[PDB]
Amino acid sequence: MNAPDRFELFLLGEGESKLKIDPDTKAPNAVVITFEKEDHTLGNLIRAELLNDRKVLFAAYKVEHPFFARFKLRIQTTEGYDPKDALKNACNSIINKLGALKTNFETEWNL
Amino acid sequence: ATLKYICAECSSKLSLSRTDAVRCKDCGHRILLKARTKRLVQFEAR
Amino acid sequence: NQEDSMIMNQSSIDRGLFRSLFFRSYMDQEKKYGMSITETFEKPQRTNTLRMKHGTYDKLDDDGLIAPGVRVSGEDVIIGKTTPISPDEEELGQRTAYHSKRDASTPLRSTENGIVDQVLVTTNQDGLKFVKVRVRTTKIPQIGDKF
Amino acid sequence: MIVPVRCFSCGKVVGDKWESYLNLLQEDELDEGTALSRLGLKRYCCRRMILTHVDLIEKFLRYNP
Amino acid sequence: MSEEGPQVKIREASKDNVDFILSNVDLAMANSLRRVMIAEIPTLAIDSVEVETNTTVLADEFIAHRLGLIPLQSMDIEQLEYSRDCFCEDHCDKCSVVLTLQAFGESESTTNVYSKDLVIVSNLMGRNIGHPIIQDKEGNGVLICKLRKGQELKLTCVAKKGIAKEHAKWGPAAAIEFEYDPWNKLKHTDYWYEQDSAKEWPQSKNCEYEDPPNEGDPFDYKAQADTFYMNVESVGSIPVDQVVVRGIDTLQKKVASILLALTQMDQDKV
Ligand SMILES: [Zn+2]
Ligand SMILES: [Zn+2]
Ligand SMILES: [Zn+2]
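Okay, structure coming up:
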């Protein structure tokens, strides 16, 4: 009847960029980022790594509604540490750890 | 001439047209099955 | 799952949990008494039919019927029953041309949507041709379905 | 009406176990529980897929069309 | 998170099982990995069925549904063009696999139609995909349907590339066991009991891989979640070790794609 298309769970639509970064007004050095077509499978990683960065004052996320594959991320950092770059660092960090995960598994598997 | 329908209770095809009577030539039944279209039918396996 | 509402596993639904098959049957009769008017079954034409419905007849065969497997949805006509123009007092036939071929066809219920399963053509004890059509469609558990 | 390809809760293919399942019950004469175990059906969410299956298709094939 | 983390240890392994001890990782990653294996790994499966002949008991779409759930060799799925990105009309050998099914009740006895009876028509181009996964010791891969003497079934199938988010038919994970903190030391759960929780609750098999907590111990509030016990299965379309590796690759690509997006925006910014 009126069920949504399952493609809308991960494929970007028309006028839908992957990320949208807005600036918060409730606090200094804080931004809110919208992840389109992306649930907390990835989102939870991002928060976790952000909270391992001692220069980050706030990192949290929420999925406003399960009907839509969207993810809100709020980041607040200390003075000078542009939150956007903080996120970029978190991504680099996560990938590096995943690289090792793969390598260690492949080795362990071979043995 | 044209397969319009197939006898019931018997695989025998009738191919009878209007006014030819619904009675099955080789059974006496009066059921008549239209038979699956010649057109291929696509289903979304999904 | 706040009240009597529930949370169902979509992956399970995908695999086939509580999936069901729905059938519906339609039917119609040949005619009444041939008092200068008879009724029959035959594919109608937009320009050669009077008071034609606002659906479609292009899925019908020569006799106004649809072979099994054909996908028929919404207002689509399934039984091309015809009944001659009756513009006169006696409510019978009349000496007209294009509008002489007035129809009286049967379509699917506007909410239905499936394919033709089986078509039966018989006669009653009065020797009147009788058409009966069975259609089917799959019902997949929605967020408004009751369990 | 034929055995569901894949367990509803897992996706574990059980559509190739029905035939051998029946053999375990007939040819070997095993308890249904041990038969399911012999099929590798560890999780009860997969055991039920066979344990409570109703083979209706055998009845449907008794008709001649 | 800087490489010196994930210590992968394998306890047991088989064609469809990898029993892990993944230590020195963030719980978020342990779970994220679990999730990405469940629903973000591309596989091959029948996503379209043409019914030419069907005089069988089962409904046309009933059968089509069943066909879509049959696991197909997906070893080289990464070499198959994702259908949504395939510029070529309808479908082609570069983005789809065509299989056919032909059966007829030659015998008076019940004829069984098996997945092993599917025949690949399209050009695989040497790619290891499309082959119906048969793990039946009798060779009779998945029973599609039963068939009466006078009945006939003729189908044409088109398999495509996809992920479980689109439909469960695409998943290869099957089931993933996942547990941490065998002994309830982190107090992430409060055991329900009617007398003695130590006796009422079954001791997990993973408890043998960690020293028991002492009653003289104080709550180690500094302790974090770590050492995750996992057991990944496979439906057979993808070697269980590839299920895990490819799951990991997927996450790297996902993070990389949002990293790329960040880069793209910075490139577009002044
Ligand atoms: Zn006959
Ligand atoms: Zn199960
Ligand atoms: Zn193509």
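Protein chains in written order, with the deposited numbering: chain I, 1 to 111; chain J, 25 to 70; chain B, 834 to 980; chain H, 1 to 65; chain C, 1 to 270. Backbone N, C-alpha and C define an ideal beta-carbon position, used for all residues, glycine too.
For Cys-48 (chain J), the Cβ stays outside the 7 Å cut-off from all heavy atoms of ligand 2. Runs of the alpha helix (DSSP H) spanning 4 or more residues and lying entirely within the segment 838 to 921 of chain B occur at 843 to 848, in chain order.
Taking 9 Å as the cut-off between beta carbons, the residues of the segment 45 to 73 of chain C near chain B are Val-51, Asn-54, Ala-59, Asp-60, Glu-61, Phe-62, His-65, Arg-66 and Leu-69, in sequence order. Cβ-Cβ distances below 8 Å link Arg-148 (chain C) to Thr-56, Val-57, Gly-105, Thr-110 and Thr-111 in the same chain, with the five nearest sequence neighbours on each side left out; the list follows chain order.
Judged by the Cβ position, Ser-9 (chain H) qualifies as a neighbour of ligand 2 at the 7 Å threshold, a heavy atom of the ligand being closer than this.
Checking the DSSP bridge columns, you'll see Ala-13 (chain C) partnered with C:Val-18.
The set of residues whose C-beta lies within less than 5 Å of a heavy atom of ligand 3 reads, in chain order, C:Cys-86, C:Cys-88, C:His-91, C:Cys-92 and C:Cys-95. For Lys-972 (chain B), the closest C-alpha among the options C:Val-142, C:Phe-62 and C:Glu-233 is that of C:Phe-62. Listed in chain order, the positions of the segment 223 to 257 of chain C with a beta carbon within less than 8 Å of a beta carbon of chain H are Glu-233, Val-235 and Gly-236. Shortest gap from the CB of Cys-51 (chain J) to any heavy atom of ligand 1: under 7 Å.
Between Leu-72 (chain C) and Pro-132 (chain C), the CB-CB gap stays under 8 Å. Here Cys-88 (chain C) is exposed, its C-beta having fewer than 16 other C-beta atoms within 10 Å.
One thing to note: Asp-16 (chain H) has its Cβ within 8 Å of the Cβ of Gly-141 (chain C). At least one CB atom of chain H sits nearer than 8 Å to the CB of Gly-849 (chain B). Ranked by Cα distance from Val-903 (chain B), the options C:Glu-50, C:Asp-249, C:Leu-118 and C:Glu-233 are led by C:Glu-50. Secondary structure of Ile-94 (chain I) (DSSP, three-state): helix. Secondary structure note for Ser-37 (chain H): its alpha helix (DSSP H) is the uninterrupted segment 32 to 38.
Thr-889 (chain B) is positioned such that its CB atom lies closer than 8 Å to that of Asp-909 (chain B). Interface residue (Cβ-Cβ distance to chain C less than 8 Å): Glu-8 (chain I) is not classified as such. Around the beta carbon of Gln-203 (chain C), fewer than 16 other beta carbons sit within 10 angstroms, so the residue counts as exposed. If you check each beta-carbon in the segment 124 to 135 of chain C against every beta-carbon of chain J, none falls closer than 9 Å. A distance below 8 Å separates the beta carbons of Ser-83 (chain C) and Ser-96 (chain C).
With respect to the C-alpha of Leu-99 (chain C), the residue from C:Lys-160, C:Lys-137 and C:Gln-79 having the closest C-alpha is C:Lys-160. In the three-state reduction of the DSSP assignment, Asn-104 (chain I) falls in the helix class, which pools H, G and I. If the five residues before and after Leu-24 (chain H) are omitted, its C-beta is found closer than 7 Å to the C-beta atoms of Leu-30, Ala-35 and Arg-38, all from its own chain and listed in chain order. As DSSP reads the structure, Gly-947 (chain B) sits in a beta bridge with B:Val-905. Fully enclosed beta strand (DSSP E) runs of no fewer than 3 residues occupy 97 to 104, 111 to 114 and 129 to 132 of the segment 81 to 141 of chain C, in order along the chain.
Among the bridge pairs identified by DSSP, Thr-971 (chain B) is matched with B:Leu-854. Interface with chain H (8 Å Cβ-Cβ cutoff): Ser-853 (chain B) is excluded.
Counted as a single uninterrupted DSSP element, the stretch harbouring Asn-54 (chain C) is not any alpha helix (DSSP H) but the beta strand (DSSP E) occupying residues 43 to 54.
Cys-45 (chain H) carries a helical assignment under DSSP once its states are collapsed to helix, strand and coil. Rounded to the nearest whole angstrom, the C-alpha separation of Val-36 (chain C) and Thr-250 (chain C) is 7 Å. With its beta carbon at least 8 Å from every one in chain I, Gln-79 (chain C) lies outside the interface. Listed in chain order, the positions of the segment 147 to 173 of chain C with a beta carbon within less than 7 Å of a beta carbon of chain J are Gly-150 and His-167.
The Cβ of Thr-61 (chain J) sits closer than 8 Å to at least one Cβ of chain B. Rounded to the nearest whole angstrom, the CA to CA distance from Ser-14 (chain C) to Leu-64 (chain J) is 43 Å.
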